[PDB]
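The structure appears below as structure tokens.
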Ligand SMILES: Nc1ncnc2c1ncn2[C@@H]1O[C@H](COP(=O)(O)OP(=O)(O)OP(=O)(O)O)[C@@H](O)[C@H]1O
Ligand SMILES: Nc1ncnc2c1ncn2[C@@H]1O[C@H](COP(=O)(O)OP(=O)(O)OP(=O)(O)O)[C@@H](O)[C@H]1O
Ligand SMILES: [Mg+2]
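Protein chains in written order, with PDB author numbering: chain U, 335 to 467; chain Y, 351 to 436; chain Z, 1 to 240; chain P, 164 to 217; chain G, 1 to 242; chain F, 327 to 434; chain X, 1 to 233; chain A, 202 to 267; chain W, 2 to 242; chain R, 2 to 244.
Rendered as structure tokens:
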């Protein structure tokens, strides 16, 4: 029924349609071709420079010292989604609250990167789902 | 499905009604026609009649019948597999 | 033939059969290596949960490759024997054709090279074993202590530990082992390796095995009595 | 039913066969099967054949 | 499940493409080629203080006139380096002359693709390609000093200076500004040690960094730790001169 | 319908759906005719040689060919040009293709 | 977006096509452009090479196969490095046994049948490279186009690679001028450089980026490079 | 009722943000520019990628803007 | 899923894939009948030539394996030629290694065993033909053995195969019910053919021209198929009765 | 469901889907006919001229086998060029062992087994080609057509490719008017007439006609190409009638 109102037997009104899936594999060839899904745009893992800008967008609320070299810990973080980077900053703030320190330091951010990637490289959603792509 | 014997009676019922230039090729057509249902023979005379509209003829030549048989058969077999009875 | 490509890269850039192999080495019993001034000491965990098990005839965790190279291991007990057979073979082959016993670094390079091979051969699963290869080169008294792993890379260490609870043992060795000054003698070193183990074994004199290897082809296994004595001393020393 | 009445022809915008690109033999064969038996219905009746149904 | 030969809808072999990301996870190798020699610099990257850092090896001699640096999963490179010494040695046995660098590199690239599922008697000696990339440096009389980057892609380019490893992106940004044809052998050493410090994740000292050169006169030489300590002290000076 | 193998035989067969008309992909020459009736609506130039573009597109549907025309104007708009040029029709064929990595000098 | 018939080469699709052979044909549309054209006395290859970045050098594109036959690749380098090695050996196998310069036409078929036997069988990546094979034998000048499907054809001129279409258009017009230029090797190279300038997406020809090769009634197969192609830009 | 997760929060200055804006935002904002050429604007976008890459994050960002 | 593509048992306990082969047999619409004479064997089968273009001579279902053994095939013709070529090789090889002619039984038993290996290996697919071998063996007299893709075979007093085999079975049974002997009795081989065609006209209802039949007869030490002229003589003998 | 993915599997019906699919790949090729004359055979194939760069009369799609068996195919052009190549071994090998040129019903049998073998394992793709091949030996002329399934039959005219409808309908009228068995010298001019008629559903991209014949009485039973004048006369004959 959905396919048939995106080509109608008539011009349909001003209607833009956005599809968001975790697998294009599943989708039927009738949904995919232009006129019903004109532009495919891939949101992929950010490269190294991406991971530098996404650290800046979570951290700007945070209190951090001046000597944080975000280039240093982006280089140390392997290929990662933007969802791991949220958990990184949360855990950096977490070790500072356990330690009784109001400001997050360089030691605390390294520990957090270590904890997130080490344990959860066992539970990475990224590896299975990248293959359906 | 009509047997090789009957299949011959069915042809003669749908080519009598329609105009023709006198058609003696039903001896060939029956032999070409396998797995034809009653329904496909009746459609076969129609396709033969539609080549008669393109040529501007007003009779079904025995040449137009040879073409029609082949045309119904190619598409039939391909696109639908008819049931196996018990 | 049977040659399926069991081991392939994932899009993250790690081989998943090799990460799985290394998790298998974690559940293994614990083996520790520390090299003193002029000895090595290999301490190993005996699973003592078992009762009515004869210790006289039961294969140990320290298997001599040559008369001056010993090997210890963590991981799958069954697969371990497969490395030790190819190693005993390689030690006599090298004696045959070049003369001179194997140097510890060469015997590792062979053993480490086998674990690497089985990560490319189609049809073969990787090994589930990490080893500590220790001993003295012939006509020398520098102790040498190496570690291989199922990636195939090998490295020398001043002290090391593989197997379960290894982070807790390694933390104790980073505080109690001065890199400049080894345990003064052979007797102090044994007292450093036992004291590290008693943190994760939660005692049991029978649980701990100690094999000491000394220069000039002197391999001896410390007996139960000796081990007990050491434990009682350390417990009494630490207790005091 | 009221849905049938909404389905009737409200006039589909003039495409013309010139704005169906290519596809010549397909157009011919459709208009043979659908168009003619409506308008040229006398030439099929004299020939004797029934009219293609769909 | 995909085979190992399969192409993507773009026309790229999956495994060979995935393999390139294994190189990104490796440690940093820097290579600057001058008209007096080539300098090879590596971050050893010890993983503990107990780990003895001298036994780690990432620079290896192929022949007195060819040296090699490794980045990626480095146990795979045990197999590549063994092939290379044979080709280089077997080739000096048949023709009484040292291989060219450009010819030696190509023989290791042919070897690289060999993955498959097996068909007839034909060897396929991997399941996935060598998960390591190499910087082959060396010198022949014909074309002076050369420096090559051989990737598991199966293609090699001759470079004036390339840097691969964890800090590849930020390292090659600094080279593009700093290199020119008029560097000498003692300026390149300090130029590798300056770039090695910007992408390094530790403190720069003599134990966990290694330098190597290749000159015609002396062959391929790995610097001892003593010489490297002097060059590390000599970097701190030129940055305080300013 | 676009799946004809699935429908059972009582819905097909002569005497119900007498004619069974197949639609082939636009052939290399038809692509030229197709691109030319969709472009009349937007601005054109004589720069464009539609003959070129028709040879490039292989196994393009009459729906994707209409996409090429639309996409090409999107790139003309992003530059800010008066009208569509030949570069943008070429550039547009690559946008309809799901290509998204180009040549990272993966290919010699 | 990845189909269901993308597994091994054995699989046919319900449309009838073989998808894995079509995927290997995309490996050509991402390589660098290369233009071949011939008269009745000279064949000419004009390839635009490709650097990786600035510090990098350029990637060879034209392989001397013998002294009267040479080919230029566009696509994967190691796939060509197997197919160019194979033609070398088959050209020696003719001079040794039959003392016959291997006719260009016969070398096309030999290559074709070597590509076919890897898309019939399970396992075996199909070769992801497109070659142009020029050469001069006893029947004159010849220029072949070899697809990774295996189909080899004889042409007066072609191109392959990225944005080849702009050059292939210039060859369809001027085909009637450059085909009659015989006994003059200079002008035939000039017509080939002009062709490949139509395909550039503003990369700009340069003396280190261009590579030309000719072969003729009297010349051996020779490749021009660096300073030697400064006269021809 | 249109939540607000502003457009700054989307990572970087990616091309991916700019390809969404040409589909949704521009034909509503400025139909002056599309009228001259005569192009009718695209309609469908397909966002696809491994989990955690911000497919949803952008959706919320265009929800208020639009 | 992968228990019904290859030949392993299903959870129920049946080799699905083999079972699917028998439905592949009746995909040509040939019917056959085969009876034991008193000193000969006769086998008739319909021969439908579809198009005018086909040359009527090459279309055939009766294959000469040896002088001793004829073979009539029911099923798709690629697998026909594949089973007939393998049969001929075994017929020759037997003669070579044991020094007499291959009996009918021994050729039948060699095919059932190759058929078995094909339902037990995974990568092999069972051939979709049913083979019937007629002969006049020298030890046992007239014989018919019918082999099938599963690899089961048995002797027969008479047999039929095809889409309308059920009709033809009822007649062949009704005859041995009344006479109470195992085989049609009439010394001459000419009159066993006349009887044969009578039961096909009944069982199928179809009247047969001389082209619609193809007749094979095994006597002592030669097996032939009858020429198109000879099948016309037979049909004049039915009309004159 | 999963019965279409693989070869040499049967569906519950009793069909090999890979083999049904291969006939759709034959269906895309160019029109190709074969006329059995009284004295021999005439093969004729429409060869599309794709562009002004393809060189004229130089891409023969008629391959000879031995000295007296013409092979012309439609479908996947490399895949046909392999099935003939294997067929040059089977012929040269028979000729070695029995020192007589291989007879045509026997050559049809060798090819048959080879194509039939490639529908028996998961490991090999079925051939995507229809062949028409024939010639003249000491028992007369024969003509065969090899389906990608592995069946073959005798024929008096055959067709394959896109124009198989119009051709097979035209070869019926050619066997009607001439029931005696038309002459070989005349059948060159009749084969031309069947390509130009079957090229009206394809009149978009012009073509170049190739004809070859093998007759006992004209060329001594050796397969040649028609070339020069008799071919330039054939084009004229067919072209004048269909005006
Ligand atoms: N042959 C053609 N010539 C011109 N335009 C075409 C052609 N084919 C398709 N188009 C364009 O593609 C658009 C979409 O086509 P359409 O909706 O008919 O697809 P469809 O074949 O009906 O798909 P479905 O499988 O859903 O039925 C049309 O509005 C038309 O503008
Ligand atoms: N590009 C990005 N920039 C900044 N933050 C991001 C980015 N991508 C993800 N995040 C963070 O990760 C969180 C989860 O992302 P989101 O809910 O968009 O997942 P998704 O992309 O829809 O994947 P899934 O739907 O599989 O969970 C967001 O709430 C946000 O905090
Ligand atoms: Mg989401």
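Note that beta-carbon positions come from the ideal geometry of N, C-alpha and C, so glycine has one too.
Spatial distance of residue i from residue j (CA atoms)
i	j	result
residue 225/W	residue 144/X	56 Å
residue 190/W	residue 153/W	30 Å
residue 234/G	residue 177/G	22 Å
residue 48/Z	residue 386/U	52 Å
residue 19/W	residue 435/Y	21 Å
residue 146/R	residue 155/R	7 Å
residue 23/Z	residue 107/Z	25 Å
residue 187/G	residue 113/Z	39 Å
heavy atom of ligand 3 below 7 Å from residue i C-beta
i	result
residue 257/A	yes
Residues of its chain near residue i, where Cβ-Cβ distance is below 6 Å and the 5 sequence neighbours each way are ignored
i	result
residue 172/G	163
residue 203/A	264, 265
residue 217/Z	67, 68
residue 56/G	44
Chain-ordered chain Y contacts of residue i [CB-CB under 8 Å]
i	result
residue 211/P	367, 368, 369, 399
Contact set for residue i: own chain, Cβ-Cβ below 8 Å, skip 5 residues either direction
i	result
residue 207/X	226, 227, 229, 230, 233
Neighbouring residues, chain U, relative to residue i (Cβ below 8 Å)
i	result
residue 328/F	364
Residue i CB to nearest heavy atom of ligand 1 below 7 Å
i	result
residue 388/F	yes
residue 422/F	no
residue 337/U	yes
Chain-ordered chain F contacts of residue i [CB-CB under 7 Å]
i	result
residue 12/X	Near residue 12/X there are no residues of chain F at all, since even the closest Cβ is about 15 Å away, more than 7 Å.
residue 368/U	389, 390, 393, 422
Same chain, Cβ closer than 7 Å to residue i, five either side skipped, listed in chain order
i	result
residue 197/G	204
residue 115/G	4, 15, 124, 126, 127, 128, 129
Contact test: residue i Cβ vs ligand 2 heavy atom, cutoff 7 Å
i	result
residue 417/U	yes
residue 391/U	yes
Residues that residue i contacts on chain X, provided the C-beta gap is smaller than 7 Å
i	result
residue 358/U	1
Under 8 Å by beta carbon: chain R residues contacting residue i
i	result
residue 158/X	54
Check: Using 8 Å as the threshold, is the region 12–27 of chain Z in touch with the region 395–409 of chain Y, meaning 3 or more CB pairs across them?
Finding: No: the two stretches stay apart, fewer than three of their Cβ pairs being nearer than 8 Å.
Margin query: Tell me whether the region 183–196 of chain Z and the region 28–42 of chain Z touch, counting them as touching only if at least three CB pairs, one residue from each stretch, are closer than 8 Å.
Written below: The region 183–196 of chain Z makes contact with the region 28–42 of chain Z, as at least three CB pairs between them are under 8 Å.
Check: When the Cβ atoms of the region 196–215 of chain R are set against those of the region 226–243 of chain R, are three or more pairs found closer than 8 Å?
Finding: Output reads yes: the region 226–243 of chain R touches the region 196–215 of chain R.
Next item on the list: Spell out a yes or no on whether the region 187–202 of chain X and the region 71–86 of chain X are touching, meaning 3 or more CB-CB pairs, one atom from each, closer than 8 Å.
Entry: Look at the beta carbons and you see the region 187–202 of chain X not touching the region 71–86 of chain X: under three pairs across the two are nearer than 8 Å.
Next item on the list: Say whether the region 207–219 of chain X touches the region 128–139 of chain X, bearing in mind that this needs 3 or more beta-carbon pairs closer than 8 Å, one atom from each stretch.
Entry: Flag = yes, the region 207–219 of chain X and the region 128–139 of chain X touch.
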